[PDB]
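Engineer: What follows is a structure written as structure tokens; I'll ask about it next.
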Amino acid sequence: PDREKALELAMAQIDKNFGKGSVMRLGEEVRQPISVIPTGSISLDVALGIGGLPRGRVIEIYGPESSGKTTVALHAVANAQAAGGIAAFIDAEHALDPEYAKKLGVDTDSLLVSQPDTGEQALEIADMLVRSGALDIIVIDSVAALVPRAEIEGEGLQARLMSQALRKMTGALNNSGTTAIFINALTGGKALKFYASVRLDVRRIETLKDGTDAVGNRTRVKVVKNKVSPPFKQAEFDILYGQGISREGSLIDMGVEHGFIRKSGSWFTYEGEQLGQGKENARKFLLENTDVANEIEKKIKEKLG
Ligand SMILES: Nc1ncnc2c1ncn2[C@H]1C[C@H](O)[C@@H](COP(=O)(O)OP(=O)(O)OP(=O)(O)O)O1
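Right, dumping it as structure tokens:
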């Protein structure tokens, strides 16, 4: 009754019993199923293990304000649509800014937005839309704003309100193939924390300036809960003030550790043809000749999945 031999037998019996990856082995580099929505953040993409949000699963993305959570999610929408997908936004914060969005690749004019009047309302006009089997992705804004009917009328539900909608709506988008993004902001999240298949921790680390007015910021995302690929991985990226995730910038951060670029004297170089000094000067260099940037994305998309 060899150890390893006895382990895998009882172990595989679980996936059968409770789910695909109820018991994951942190090192395993397993890859199967896929069906993901790029987050336009290569880095983060790998972090997930399958290169993007698994479609057909409830995802949580918490983090304090200004953190860039919305941005990520929106990015998720650009992609989800830039591939013929139908997006649904359940605005309950009413903070959304179109101009910024449209600058990320979102097809606003063909985006579903809805501003419910009560917690219940939101959780239905959403669940309903999911059962319509038309949406590819659907974010809901601010788990918090989802206040029970009362507490708006007369006078803890919510911890209950959320629970219900989930049990129902988890099965629904489960065989619909429509990924549901929720958005926390450090209640009901005591259940979302248990339904979500992937919960993200978005929190702003640094600030990306150049003796200028600062602009964006280096964001750190730690994927504390994952059920498709192994959990706990993490990745950082740049978010430019009014422009979004620095695909180019992310391309250098990743193109330097992976050994596809070299930094001799703070002087960037991609195999014999230098890029410039500093970072803000290099991302500016790729932002031009996309064929050069394309190779690197095409190169890192090889070193890994
Ligand atoms: N009113 C604005 N004007 C110009 N750029 C903005 C504005 N709001 C956000 N941005 C851009 C630059 C900020 O660094 C970046 C922050 O990420 P965002 O996801 O928009 O914050 P957030 O999701 O953590 O806070 P919130 O809870 O308000 O949504 O988005």
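Throughout the sequence shown, residue numbering follows full-length UniProt numbering, covering 6 to 160, 167 to 197, 212 to 330 in sequence.
Built from N, CA and C at the ideal position, the CB exists for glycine as well.
(1) For residue 242, write down the residues that DSSP places opposite it in a beta bridge.
(2) Skipping 5 residues on each side, what residues in its chain have a beta carbon closer than 7 angstroms to that of residue 137?
(3) DSSP three-state label for residue 8, please.
(4) Write down the C-beta distance between residue 62 and residue 141 rounded to the nearest angstrom, noting that I regard them as a contact closer than 8 angstroms.
(5) By Cβ distance, which residues of its chain are closer than 8 angstroms to residue 66, with the 5 residues on each side in sequence left out?
(6) Do residue 74 and ligand 1 come close, with the Cβ less than 7 angstroms from some heavy atom?
(7) So does the segment 266–277 actually touch the segment 40–57, counting three or more Cβ pairs closer than 8 angstroms?
(8) Would a C-beta distance cut-off of 8 angstroms place residue 291 and residue 280 closer than the cut-off?
(9) When the distance is taken between beta carbons, is residue 151 closer than 8 angstroms to residue 169?
(10) Take the Cβ of residue 127 as the centre, count every other Cβ of all protein chains shown within 10 Å, and call the residue buried at 16 or more, exposed below.
(11) Does ligand 1 have a heavy atom nearer than 7 angstroms to the CB of residue 65?
(12) Rounded to whole angstroms, what's the CA-CA distance from residue 186 to residue 39? Just pull it up for me.
(13) Kindly examine ligand 1 and report whether one of its heavy atoms sits closer than 7 angstroms to the Cβ of residue 71.
(14) If you measure between the beta carbons of residue 283 and residue 325, is that distance less than 8 angstroms?
(15) Indicate, with yes or no, if ligand 1 has a heavy atom lying under 7 angstroms from the CB of residue 220.
(16) Quick check on residue 294: does DSSP put it in helix, strand or coil?
(17) Are the Cβ atoms of residue 330 and residue 56 separated by less than 8 angstroms?
(18) Within a Cβ cutoff of 7 angstroms, which residues of the same chain sit near residue 10, ignoring the five residues on either side of it in sequence?
(19) Given that a residue counts as buried once 16 or more other Cβ atoms are within 10 Å of its Cβ, and exposed if not, what is residue 315?
(20) Confirm the yes/no value for this check: CB of residue 110, any heavy atom of ligand 1, distance under 7 angstroms.
(21) Quick check: the Cα distance between residue 243 and residue 72, rounded to an integer number of angstroms?
(22) Under 8 angstroms, do residue 180 and residue 114 count as touching if we go by C-beta distance?
(23) List the DSSP bridge partners of residue 190.
(24) Along the beta strand (DSSP E) that carries residue 65, what are the first and last residues, could you check?
(25) Give the DSSP-derived three-state secondary structure of residue 120 in the structure shown.
(26) Heavy atom of ligand 1 less than 7 angstroms from the Cβ of residue 242, yes or no?
(27) Scan the segment 29–97 and note each continuous alpha helix (DSSP H) run of 4 residues or more that stays entirely inside, going in chain order.
(28) Rounded to whole angstroms, what is the Cα-Cα separation between residue 145 and residue 232?
(29) Please classify residue 213 as buried or exposed, where buried requires at least 16 neighbouring CB atoms within 10 angstroms.
(30) Quick check: does the Cβ of residue 214 come within less than 7 angstroms of any heavy atom belonging to ligand 1?
(31) Please list the terminal residues of the continuous beta strand (DSSP E) segment that includes residue 226.
Structural biologist: Concretely, from the data shown:
(1) For the purposes of this step, residue 242 is taken as residue 217 along the sequence shown, with counting starting at 1. The partner list for residue 242 (beta bridge, DSSP) reads 264.
(2) Position 132 of the sequence shown, counted from the start, is the residue given in the question as residue 137. Closer than 7 angstroms at the Cβ level, and outside the excluded window around residue 137, lies no residue.
(3) Start at 1 with the first residue of the sequence shown, and residue 8 comes out as number 3. DSSP places residue 8 in helix when its eight states are reduced to three.
(4) Locating residue 62 in the sequence shown gives position 57, where the first residue counts as 1. Locating residue 141 in the sequence shown gives position 136, where the first residue counts as 1. Residue 62 to residue 141, Cβ: 13 angstroms. No contact.
(5) Within the sequence shown, numbered from 1, the residue matching residue 66 stands at position 61. Here the set comprises 74, 77, 78, 192, 193, 194, 195, 224, 225, 227.
(6) Counting from one through the sequence shown, the residue named residue 74 turns up at place 69. Yes; taking the cut-off as 7 angstroms, the Cβ of residue 74 has a heavy atom of ligand 1 nearer than that.
(7) yes
(8) Along the sequence shown, one-based indexing puts residue 291 at 266. Along the sequence shown, one-based indexing puts residue 280 at 255. It is not a contact, given that the beta carbons lie outside the stated cut-off.
(9) Start at 1 with the first residue of the sequence shown, and residue 169 comes out as number 158. Start at 1 with the first residue of the sequence shown, and residue 151 comes out as number 146. Their beta carbons are under 8 angstroms apart, which means residue 169 touches residue 151 by this criterion.
(10) Residue numbering aside, residue 127 sits at position 122 when the sequence shown is read from its first letter. Label assigned to residue 127: buried.
(11) Along the sequence shown, one-based indexing puts residue 65 at 60. Outside the cutoff, so no.
(12) Numbered from 1 along the sequence shown, position 175 holds the residue referred to as residue 186. Numbered from 1 along the sequence shown, position 34 holds the residue referred to as residue 39. Distance between the alpha carbons of residue 186 and residue 39: 15 angstroms.
(13) Taking the first residue of the sequence shown as position 1, residue 71 is located at position 66. Yes, since a heavy atom of ligand 1 falls inside the 7 angstroms radius drawn around the Cβ of residue 71.
(14) Taking the sequence shown and counting its residues from 1, one reaches residue 283 at position 258. Taking the sequence shown and counting its residues from 1, one reaches residue 325 at position 300. Yes; because the gap between Cβ atoms is below 8 angstroms, this pair is in contact.
(15) Residue mapping note: residue 220 aligns to position 195 of the sequence shown, counting from 1. Checking the Cβ of residue 220 against ligand 1 gives no.
(16) Your numbering for residue 294 matches position 269 in the sequence shown. Strand at residue 294.
(17) Taking the first residue of the sequence shown as 1, we reach residue 330 at position 305. Taking the first residue of the sequence shown as 1, we reach residue 56 at position 51. Yes, the Cβ-Cβ distance between residue 330 and residue 56 is below 8 angstroms.
(18) As a first step, residue 10 is located in the sequence shown; it is residue number 5 there, counting from the start. Closer than 7 angstroms at Cβ, skipping near neighbours: no residue.
(19) The count along the sequence shown starts at 1 and reaches residue 315 at position 290. So residue 315 ends up on the exposed side.
(20) As a first step, residue 110 is located in the sequence shown; it is residue number 105 there, counting from the start. Residue 110: no, Cβ never under 7 angstroms from ligand 1.
(21) Numbered from its first residue, the sequence shown carries residue 243 at position 218. Numbered from its first residue, the sequence shown carries residue 72 at position 67. Cα to Cα, residue 243 sits roughly 10 angstroms from residue 72.
(22) Walking along the sequence shown from the start, residue 180 turns up at place 169. Walking along the sequence shown from the start, residue 114 turns up at place 109. Going by C-beta atoms, residue 180 is not nearer than 8 angstroms to residue 114.
(23) The residue labelled residue 190 in the question sits at position 179 within the sequence shown. Answer is 142, bridged to residue 190.
(24) The sequence position of residue 65 within the sequence shown is 60, counting from 1. Segment 63–67, the beta strand (DSSP E) holding residue 65.
(25) Along the sequence shown, one-based indexing puts residue 120 at 115. Reduced to three states, the DSSP call for residue 120 is coil.
(26) Along the sequence shown, one-based indexing puts residue 242 at 217. Yes; taking the cut-off as 7 angstroms, the Cβ of residue 242 has a heavy atom of ligand 1 nearer than that.
(27) 47–53, 74–86
(28) Taking the first residue of the sequence shown as 1, we reach residue 145 at position 140. Taking the first residue of the sequence shown as 1, we reach residue 232 at position 207. So the alpha carbons of these two residues sit roughly 28 angstroms apart.
(29) Walking along the sequence shown from the start, residue 213 turns up at place 188. By the neighbour-count rule (16 or more Cβ atoms within 10 Å), residue 213 is buried.
(30) Residue mapping note: residue 214 aligns to position 189 of the sequence shown, counting from 1. Checking the Cβ of residue 214 against ligand 1 gives no.
(31) As a working note, residue 226 is residue 201 in the sequence shown. Run containing residue 226: 223–229, per the beta strand (DSSP E) assignment.
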